[PDB]
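See structure below.
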Protein chains: 2
Amino acid sequence: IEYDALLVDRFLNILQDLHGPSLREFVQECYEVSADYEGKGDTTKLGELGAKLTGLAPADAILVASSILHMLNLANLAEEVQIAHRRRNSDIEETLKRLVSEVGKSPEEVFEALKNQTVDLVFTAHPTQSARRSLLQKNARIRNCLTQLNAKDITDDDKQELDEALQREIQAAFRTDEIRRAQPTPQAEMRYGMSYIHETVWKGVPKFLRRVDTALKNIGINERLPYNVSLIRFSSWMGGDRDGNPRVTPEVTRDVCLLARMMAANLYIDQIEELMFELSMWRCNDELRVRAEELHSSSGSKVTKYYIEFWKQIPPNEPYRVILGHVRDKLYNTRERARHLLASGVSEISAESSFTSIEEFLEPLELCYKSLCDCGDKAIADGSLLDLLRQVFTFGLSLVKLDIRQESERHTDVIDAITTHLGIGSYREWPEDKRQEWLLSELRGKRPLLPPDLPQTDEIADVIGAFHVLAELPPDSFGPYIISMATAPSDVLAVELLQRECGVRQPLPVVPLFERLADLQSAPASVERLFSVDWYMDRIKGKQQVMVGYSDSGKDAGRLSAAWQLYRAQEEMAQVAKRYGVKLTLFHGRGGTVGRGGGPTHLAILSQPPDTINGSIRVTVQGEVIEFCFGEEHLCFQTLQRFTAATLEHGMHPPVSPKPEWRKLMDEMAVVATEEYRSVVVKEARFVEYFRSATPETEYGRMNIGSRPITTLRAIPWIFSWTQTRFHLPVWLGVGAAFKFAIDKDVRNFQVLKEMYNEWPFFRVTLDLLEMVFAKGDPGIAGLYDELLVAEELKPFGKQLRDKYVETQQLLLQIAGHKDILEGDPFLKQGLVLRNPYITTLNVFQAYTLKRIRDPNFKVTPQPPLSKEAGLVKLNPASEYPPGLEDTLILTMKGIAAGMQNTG
Amino acid sequence: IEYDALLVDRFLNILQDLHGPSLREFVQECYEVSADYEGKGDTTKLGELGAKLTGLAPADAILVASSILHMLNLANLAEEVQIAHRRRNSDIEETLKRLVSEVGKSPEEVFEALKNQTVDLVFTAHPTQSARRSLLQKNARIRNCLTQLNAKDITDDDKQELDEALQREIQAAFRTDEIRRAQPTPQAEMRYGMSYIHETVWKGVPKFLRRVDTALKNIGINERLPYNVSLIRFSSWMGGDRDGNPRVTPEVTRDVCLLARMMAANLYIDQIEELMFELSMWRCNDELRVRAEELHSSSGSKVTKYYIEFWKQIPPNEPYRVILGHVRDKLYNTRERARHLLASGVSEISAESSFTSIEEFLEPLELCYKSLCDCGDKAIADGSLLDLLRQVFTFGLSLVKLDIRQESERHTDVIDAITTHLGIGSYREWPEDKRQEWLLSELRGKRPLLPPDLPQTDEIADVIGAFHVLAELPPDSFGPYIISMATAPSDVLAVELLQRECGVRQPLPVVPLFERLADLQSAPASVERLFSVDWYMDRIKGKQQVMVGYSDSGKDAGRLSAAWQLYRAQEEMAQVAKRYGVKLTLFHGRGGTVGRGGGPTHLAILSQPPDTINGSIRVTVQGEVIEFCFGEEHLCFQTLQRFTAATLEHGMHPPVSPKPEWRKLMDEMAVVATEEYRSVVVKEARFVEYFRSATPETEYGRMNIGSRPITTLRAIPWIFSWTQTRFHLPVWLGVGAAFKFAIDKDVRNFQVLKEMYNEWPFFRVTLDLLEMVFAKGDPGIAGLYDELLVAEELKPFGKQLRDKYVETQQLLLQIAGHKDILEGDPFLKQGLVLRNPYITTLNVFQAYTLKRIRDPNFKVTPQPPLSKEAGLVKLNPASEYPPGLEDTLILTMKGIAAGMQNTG
């Protein structure tokens, strides 16, 4: 609550210096009026505030909007810092002690479990990130300045300077345009998510483990965690996922996957280069002695004058510096090899001259470790050496594995053209049992099918291309090959074919994507049918993985229905696997907002059926969230902490399995929910009309968050639209009726709901999330958009919804036993209280802007300029909307999303 | 005394945890014992240790030697922390206040003077760094872990993980052979001293400067210190100084001056890259709008796939990023250019393709700074953009300038031979008057001289070739050409010629190096003569530099004499200059030890004739001192602080000019101090034998410190010798007599001696330095080497010096009015008490070790190996001296060197 006033005060001043009191006063007022609204709760303020803003001139409007955006951002920044300081002044050491003590588990059990556990976090570039790298940068700088600013040992002059620092970064950020003017490229996006790896996660992982070691010893286990074990791994979709996005061509993958390999190569060099300086021992293994001597006579060259450190030949007097040096040289060709490959077509540098596999890079390293531990000096080995070893297992030769995605109907096109051409029918019109026949005969065969004279097609080729590249690059640089909207088992085979048929060394594994409601239901079906194919079941080798999507599930049905459906689905799927003895691991397509399956990490894991993780899980970090989770130091350390602590516990101390009673009621409710949902968003004709009216869903594409070039469509904008209007329709629409039903059915059921909310994790967490949403909603604000945009005829329709909101919230609070929303979290409300008034301003602002943009005959009374006098307006060359209107709008969305902490 | 134990304690725990509880104890005992002598004086106990020590197995002798070495080392580490942590609770701001407040100066007068001040700190690689470069890395590591381990906001886990690291690091340095086996190379030496630049000084400079900006504000001036103004500058000798060192071929010169530019260009990139992410405003100069418009308009729309950031074309909406990006590329070439010129022979990268002059590089950067200013974002410009500008004006493209040093005679060798080969006789035999006449006319001629067919010694080449390398390399990468042993005006005119006769664009400026007493006295004349030759005066352009040695200077003549002479030297020289209106600046060849003109920065600059410094001053940093003065960041900041402060005062608050009485008496004691001096080193053949008899001089080389191979000895080895044996004979020799004499010549002089040590800065510092010297010398250890290595013959001669020593020390304390030594510095004495007992033990282990070499028939009763065991000793294959002696001797030196915190 302190830093808040600090960052804000600072900003307000800069504002005044750059633009003069007049304007600083305006922003100052807006807050006041919004306050009276958020405080006394009198709706007259919103209308008054509206008069204040509709008068502003283009430049002032763009400024005013921008001003609130920055203040809001700052708020979030202050909050992070405050959270960090507090909580230091959850934790594995905790969960271990708790598991061993309370739950009582042999430390060996823990240790083992820990060893056999792996949480793969895959970053994805879903258009969920609003801020641009430019501002995200200034932020990390302000965070850092704000921290050192609270240093309890900095002199006077010291502080004085740090302050000046904080201010100019604030001003610099204020001075840059936050409206990304062009759509990013797939390569640019990968360069974004990558920034975190070589800036916070790279040197983070090793530290995280050091703590996981300290913890282990604190529980008795006087043994560090083996460096080969990898508790957490990072994968990426930036460059691999090409579903619905034509811009991710097969070359884009070569480039991004090559560039990433160069970065790793580069990082490790700094590692080794120094490591050499540290391992200056001479007492070595009988084994290392040999290995070293050989490299001594083999090199013989020392003329490397361009080497800053360790230029002339290293004497065998320093055994490790010898091997390390070698490893380094090979590392340079690996970096340069890639450079050329990227720059020109090829490289003079030979394949054998560089590292092409992880084993090739480990053998030398591992050697030093053994040598050290053997010749005594183990501790010296457990130092920087142990850290590097861990990095290699976590990051490997290409910072992160790359997944691949593509809707199967594309694979059908390819396979169909191949059959048509060869004169053997239309694979398309083939019955599933027929396709499985042909496809299985082929997989068993030995004779090539891919005809060289095959008639290509931009897409029929774009897909073959992808596969080829998969063959070019190493086997390790890739993750699984996901098949969007793929149903029948033939769909998984058609890919198994193309992989080998397009020549692929170690064909990557195939994993289906069950997201649409329907697919999630018939999910355990296709799953079993697939384990019934001998060939497959045989090449699979026990290990199997399937991806479950959280976004579209509740888009076509309720949130409640979907939430339960995904539970059931991954619940059964876990048996259809257990029955066929396959280690099925689930890939969770969790978003940023609760509406798309998001929410606190430990809670989300706890809400998953018992016995369906067992130390193996993949989870998506959608764009925006990457910032949230690994933006800072401590932040990253928490995300890693959180994930492994939850996954570990969910295994050795599973959640409760739903009582038969609950299941029945749950299944029954889910129906009511979906019937309630589809009834209004689907069955109601004029709904969509009302939808594209009371919300800025239409203007979503203007922000330019991604590189993807209507009722039945898109989900990110869907969630977004109501998050802006602060209504959250989608997140709760079902729940209203689902509850009233279980009660109107039998009065005693109410006591059941209360029973569930108190004993069933899935259910408590599900409700607990909806409370947070309601805590960020405001039917008042929703009404304003209605009144201003929604037509007269359907005006009353809005009110109905407005009522369902309230009704659902009461029911929600009763079941939970809360007399007040977020009655549980006091600080979470404190924050809101400070924020809300700023958000409410941007709301009213957005509301009237849309009003002006849509109704060109909406008269307004223009006020006199405020800022000291525009090119600020000329920043948007050709705009379809009049003057400041566009930029202003993009700004409001930018900020409202900021204050809310969520884009979509 | 805090870490003083913390560190030592863990060392032992590791020591016994690695070699057996016995060795830990033995080492303990040897201190326990030696602690008694230092606290008693009965040299009787000493003999005991000697017996035991020599009776240790070769392997154990090493271990026991290294232990006391690594221990003593630690003491120096814990002491560096004990100072920071306690000081963190001299200063320019202070000095600026004291000047405007107390001295009554105009804040504008102080600012102005600060803009015209400059302090060139010249790093050199003298064989003074008796520390392994591989060991230094680990010391820094330790210091860092010691500081952090003593924070307050760290947790228990944090503390345990840190203390854990701090040990594995101490164990790392121990498990590493501290004796360098292969002698260094000129390239390896420039590399050692260079690390400090990019590892500390590169970032340090901008910081120190901002602070100065802060100070200037904290006293009035609300304007920053212009970025083009450089308070400090960095220069090197490493690769340019070839005096006395043959191994520095003219190739090594281009070699290092090339590598340096590759590093400079390199560092600049990391900076510029970063600053590209910062400056992201869209507002700019009409000038910059135009400029950036062109760059974007041209240079295609190319993408650089191997570029991590800003790979694609930059939009012109980011003016600053356009220009800066172009600077980055220009930078990448420059970095690649030199990279090639080193490794291969030439480069494809064009001349225009990269940066050649600082102007090319500045022009753009300055364009931005002014653009940001004009457009209101001065506060933004003063951020990272200023720091870079400050670096550019301080490091240039070379990073550090290079001085070239060659003995005067070596230039005669050439000129003499190019006359002998031509018609006219011999230069060498010509009278000085002749030399000037000829050389002058020759310099005014138009017809060549240097004959093609001229024969060439392996020496006449090494000098003429060097002159060619200077022709090739760029003018900005060179300092002056320093003529060691400068004597007469011809000496300068000879290089003035040779230079033009070997073809040089910008003939480096030539500067005399008056180092022998003889030349010092005559110096003022020479300097005036050179100002007399119209030709020279015209090429001088008003400025003039002249170095003055301390090392060899105090060699021929006693310390006192030399010290006084040097004063008069610069005293008159200044007057001469002043007479001809020449901005004479002096280059100070200050050593590391008091014997080579060492001591506290401020004290030193203080003890210099008033009105000789003012504008500028150059100072050397002899190898060992570099680690000192720039080892840590806090060290660097303070060093910069010290110089600029001291230097600023000496200008506005000059010291007192000696009183005629003082002058006279000084001159007198001067001759008396040399008399007693040379009389024992020159006018005595019995001496030379005692030297090689009592001090381990002939062992200096066994350390492979630098690459450089009676009066035939250098300064360093000289002092090194008497410093190990704790006698420091060369530093106090003359003094004793100078005093006694003036005490007899008259009694009123005792009151005049005291009267001087109170009011005259120079006379004070000199004695104060001495007191420290004596504060380290112990005649006990002095004579111990007699009864062990001194010939029974001149055994008394030794005891005769013993009495002069003690007589001198006594009289000193009398003049200073002190009871004890360092009486006025409880900290230091407290340090000797805890450190000495260790140094002693090493002296004991050294005096006997020298005998086990000098006297083969020395019977010593062996003992059982204390450690748990061969290969240790077999680390030195080809060694003349028996088993563990070769190594133990070098070790005992290295160890004592650390104890005394000085070598040469």
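Ordered as shown in the structure tokens, chains take letters A, B, and onward, while each chain numbers its residues from 1 and ligands are numbered from 1 in the order shown.
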
Practice prompt. Enumerate the residues of region 446-507 of chain B with a DSSP assignment of helix (DSSP H, G or I), computed from the backbone, and present them as a PyMOL selection string.
Written response: chain B and resi 458-472+475-477+489-500

Item to complete: Using all C-alpha atoms matched in sequence order, least-squares fit chain A onto chain B and give the RMSD rounded to one decimal in Å.
Response: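 So the superposition leaves a C-alpha RMSD of 1.0 Å.
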
Worksheet item: For chain B, which residues have at least one atom within 7 Å of chain A, if we go by only C-alpha atoms? Write them as JSON, numbers by chain, please.
Response: {"B": [134, 157, 168, 172, 175, 176, 259, 277, 280, 281, 282, 305, 306, 339, 342, 343, 379, 380]}

Discussion item. Restricting the calculation to only C-alpha atoms: of B:398, B:532, B:861, B:412, which residue gets closest to residue 429 (chain B)?
Written reply: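 Of all the options, B:412 lies closest to residue 429 (chain B).
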
Worksheet entry | Secondary structure check, strand (DSSP E) residues of region 215-368 of chain B, as a list in words | residues 232, 233, 234, 235 and 236 of chain B

Worksheet item: For residue 468 (chain A), which residue out of A:253, A:638, A:545, A:124 is the nearest one, using only C-alpha atoms?
Response: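 Comparing A:253, A:638, A:545, A:124 against residue 468 (chain A), the winner is A:253.
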